[PDB]
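Below is one structure; the comments refer to it alone.
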Amino acid sequence: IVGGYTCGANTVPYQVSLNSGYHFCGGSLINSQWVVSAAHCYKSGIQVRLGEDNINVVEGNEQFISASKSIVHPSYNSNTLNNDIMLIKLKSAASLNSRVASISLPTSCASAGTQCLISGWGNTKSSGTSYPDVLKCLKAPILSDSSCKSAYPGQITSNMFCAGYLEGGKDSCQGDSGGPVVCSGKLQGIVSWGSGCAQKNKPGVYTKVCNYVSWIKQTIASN
Ligand SMILES: Cc1[nH]c2ccccc2c1CCN
Ligand SMILES: [Ca+2]
């Protein structure tokens, strides 16, 4: 997260870190046994880390649970990043409390102008690299579809939205991949892609979760 603020320990209780020997992506806990992330985060041998603040120190609220199955969306296209969503089932159910909690799926799509919270452990610099150990947060609005398509001609599908600031300076970044965009207490987006981080006229692009609720629910019900 570039241009954000330190969230505070366990103030984003649905945020997960995906670990394969190191943090490589975020995700969101949607019930006691399932996490949603980006399809571009797929790999084998994922350990899901819940209750994290500092990802390099054991602080006492963590739960570490291996993934038993990953399901990339059937229509994910890695060249265009259309349908950039994946589900991960945990080997055992997490213990839910005030600091480890699920985030609700949306019943409707959020409109442009809605303020959202984006969080992650990604790079905090637009040029160069500095990775934080504690979770960072950013409040940002959903942008109109017209402004989004004007920023990325020919690249925005109906399964994507832009959020952030056309002036630059505040954005998600590398390592925030797969993390949550929460608006009005519901999961509306997944950190997906962009042109660099925090550049002028290049807001972040996010998977539009409201288009996937039926697939998520049907998949969880049968797996
Ligand atoms: C999700 C993601 N991952 C990256 C890696 C390098 C540069 C930009 C990005 C972005 C977009 C940030 N808004
Ligand atoms: Ca920790």
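Position 1 is the first residue of the sequence, and the numbers go up from there. Worth knowing before you read on, the calculation uses all heavy atoms, side chains too, and leaves out hydrogens, waters and symmetry mates. Just so you know, ligand 1 is whichever comes first in the structure, and atom 1 is the first atom listed for that ligand.
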Which atoms from ligand 1 have a heavy atom of [X] less than 4.0 Å away?
{"X": "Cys173", "result": "12 (C)"}
{"X": "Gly204", "result": "13 (N)"}
{"X": "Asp171", "result": "13 (N)"}
{"X": "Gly194", "result": "11 (C)"}
{"X": "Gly196", "result": "8 (C)"}
{"X": "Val191", "result": "1 (C)"}

Between [X] and [Y], a side-chain donor and acceptor under 3.5 Å:
{"X": "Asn77", "Y": "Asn82", "value": "no"}
{"X": "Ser119", "Y": "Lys136", "value": "no"}
{"X": "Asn223", "Y": "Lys89", "value": "no"}
{"X": "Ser192", "Y": "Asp84", "value": "yes"}
{"X": "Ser17", "Y": "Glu52", "value": "no"}

Contact between [X] and [Y] at the side-chain level, heavy atoms closer than 4.5 Å - yes or no?
{"X": "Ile220", "Y": "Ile30", "value": "yes"}
{"X": "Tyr14", "Y": "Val182", "value": "yes"}
{"X": "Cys210", "Y": "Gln188", "value": "yes"}

Residue [X], metal the Ca ion (ligand 2), N/O/S under 3.0 Å:
{"X": "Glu59", "result": "no"}
{"X": "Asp53", "result": "no"}
{"X": "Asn54", "result": "yes"}
{"X": "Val58", "result": "no"}

Nearest-contact summary for [atom] - protein heavy atom, Å:
{"atom": "atom 7 (C) of ligand 1", "answer": "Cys197 SG, 4.0 Å"}
{"atom": "atom 3 (N) of ligand 1", "answer": "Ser177 OG, 3.7 Å"}
{"atom": "atom 5 (C) of ligand 1", "answer": "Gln174 CB, 3.7 Å"}

**Report entry** same_hphob_cluster(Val36, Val191) at 4.5 Å side-chain heavy-atom cutoff
**Finding:** no
**Report entry** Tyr206/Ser172 under side-chain hydrogen bond (donor to acceptor under 3.5 Å, both in side chains): CA gap, chis, key distance, verdict
**Finding:** CA-CA 10 Å; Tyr206 299 91; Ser172 56; 2.9 Å; yes
Report task. To the nearest 10 degrees, could you say what angle the Ca ion (ligand 2) makes with OE1 of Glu52 and O of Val57? Result ->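 Value, to the nearest 10 degrees: 160°.
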Query - Candidate with minimal heavy-atom separation from atom 1 (C) of ligand 1, of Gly179, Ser192, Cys25, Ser172 - result: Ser192
Query raised in the report: Which atom, counting only N, O or S, brings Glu62 closest to the Ca ion (ligand 2)?
Result: OE2
